[PDB]
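Heads up, the thing below is written out as structure tokens.
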Amino acid sequence: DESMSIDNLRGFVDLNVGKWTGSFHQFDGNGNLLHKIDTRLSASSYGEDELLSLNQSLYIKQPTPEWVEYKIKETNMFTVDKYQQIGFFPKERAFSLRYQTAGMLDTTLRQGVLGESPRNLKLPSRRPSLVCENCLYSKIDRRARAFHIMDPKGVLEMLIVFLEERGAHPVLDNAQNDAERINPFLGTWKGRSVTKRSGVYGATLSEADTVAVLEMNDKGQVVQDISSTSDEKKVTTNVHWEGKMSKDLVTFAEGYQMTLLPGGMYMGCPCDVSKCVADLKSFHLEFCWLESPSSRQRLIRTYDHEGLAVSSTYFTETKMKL
């Protein structure tokens, strides 16, 4: 079974290698763009087989073009398993990673906005409780890498989106509508999901046919239904949530929250991760990205009540007509 881990490690490496020109975006909980920073990402590989490693350099554009280099922590067979708890989907081209620290994001904000630590700049906490990356690929050769960051008490402090294309700087907020951001998400989406246990091996725990329903009335009340039917296990689960929308942030009474972003993205996480932990409950983070107004991908990162990522779930969905 060791051969499976090596084949998967190479799959992860090869999917990253290349030159990535991209744009860093820092949002708050209400989807407000705080800073957009030009970035370049150079990913290459070294070694072979079980010693295969992914080295990558992040280049950040400095304000008034000079670039400053950040050396990203090396990714190898040891790190993906022990440190990053990789959730990796080779066929679907998606992955989730844990970061121990938000330092790489702290440096990007510093260098891209500035030349002590000023106060008009929202820097990530020194010891955040959770830093999670979720990455989806488009079905052109570009990707988006979404980051959740929660403060030491488990409350969301920022959202980050790298929009990157391989082989200039990509652009989000491509709107010509000034329409409500949630609209293309409203409706009925059906498709399939596949849940992989985290870890480099990437065992498939299950697969299912999914039905996602999202609605909002004129009063601003949101209704969400997620249906998941497993054929093999003969199980069907329905989950129905109700919440309120206000300034690009849906707050469910559950209480989960999804903030809706430019570019056909939204990101979900609990209001207070610490309540889940205190309640001895599981929780999840979510990153969604639609390519067209009728086709989207979702990535869900699932944690146990101790804040350990236990599995990742990939969704590919198409919007039904009304």
Quiz prompt | Summed residue charge, Cβ within 15 Å of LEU290's Cβ, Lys/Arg positive, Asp/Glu negative | solution = +3
Quiz item: Under the Kirkwood approximation applied to all pairs of distinct alpha-carbon atoms, what is the hydrodynamic radius of segment 110-263 in Å?
Solution: 18.9 Å
Practice problem: In square nanometres and to one decimal, what's the mean projected area of the convex hull around the Cα atoms of segment 1-76? | Solution: 7.0 nm²
Quiz item: How big is the C-alpha Rg of segment 7-170 next to the rule-of-thumb value 2.2 N^0.38 Å, as a ratio?
Solution: 1.02
Quiz item: For the chain, what is the convex hull (Cα atoms) projected area averaged across all directions, in square nanometres?
Solution: 17.6 nm²
Exercise. Measure out, as a whole number of angstrom, how far apart the alpha-carbon centroids of segment 31-59 and segment 188-234 sit.
Key: 30 Å
Practice problem: Would you list, by chain and number, the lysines whose Cα falls below 22 Å from the Cα of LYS219, excluding same-chain residues fewer than 8 positions away? | Solution: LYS244, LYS247
Quiz item: Relative to the Cα centre, what is the charge dipole magnitude of the chain, using +1 at the beta carbon of each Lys and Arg, -1 at the beta carbon of each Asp and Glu, and rounding to the nearest 20 debye?
Solution: 400 debye
Exercise. Give the Debye-formula value of log10 I(q)/I(0) at each listed q (0.16 Å⁻¹), with one equal scatterer per alpha carbon of segment 148-206, two decimals each.
Key: -1.15
Practice problem: Any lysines with Cα under 16 Å of the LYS91 Cα? List them, leaving off those in the same chain fewer than 8 positions away. | Solution: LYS139, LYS196
Quiz item: When the helices in the chain are scored as -39500 (n - 2.57) per DSSP H run of 4 or longer and the sum is shared across all residues, what 222 nm value do you end up with, to the nearest 500 deg cm²/dmol?
Solution: -3500 deg cm²/dmol
Quiz item: Quick one: if you stick a label point 7 Å off each Cα along the C-beta vector at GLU74 and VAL155, how many nm between them?
Solution: 4.0 nm
Quiz item: Per-residue HN-Hα couplings for segment 141-150, Karplus 6.51 cos²θ - 1.76 cosθ + 1.60 at θ = phi - 60°, whole Hz, x for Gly and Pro?
Solution: 7, 10, 9, 10, 10, 8, 10, 8, 10, 10
Self-check item: Cβ-based net charge around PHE252, under 15 Å, with every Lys or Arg adding one and every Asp or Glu removing one
Solution: -4
Quiz prompt | Counted charge near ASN134, where neighbours are those whose Cβ lies closer than 12 Å (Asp, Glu -1; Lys, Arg +1) | solution = +3
Self-check item: Fraction of the pair-distance distribution of segment 267-322 above 20 Å, Cα-Cα pairs, percent
Solution: 37 percent
Practice problem: Quote the charge dipole size of segment 7-170 about the Cα centre in Debye, to the nearest 20; the model charges only the Cβ of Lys and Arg (+1) and of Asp and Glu (-1). | Solution: 400 debye
Quiz item: According to a simple spin-label model (label point 7 Å from Cα along Cα-to-Cβ), what is the distance in nm between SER246 and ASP173?
Solution: 2.3 nm
Self-check item: Rounded to whole Hz, the Karplus (6.51, -1.76, 1.60) HN-Hα couplings of segment 69-82, x for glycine and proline
Solution: 8, 10, 7, 5, 3, 4, 10, 9, 4, 6, 6, 4, 8, 7
Quiz item: Amide H neighbours of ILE149 under 5 Å, counting only residues 5+ apart in sequence or on other chains, H built in-plane at 1.01 Å?
Solution: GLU157, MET158
Quiz item: About its Cα centre, what dipole magnitude does segment 24-93 give when the only charges are +1 on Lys and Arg Cβ and -1 on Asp and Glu Cβ, stated in debye to the nearest 20?
Solution: 240 debye
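Using ideal geometry, Cβ is built from the backbone for each residue, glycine included, and neighbour counts are taken over all protein chains shown. Since every read-out is calculated from the coordinates, none of them should be taken as a lab result.
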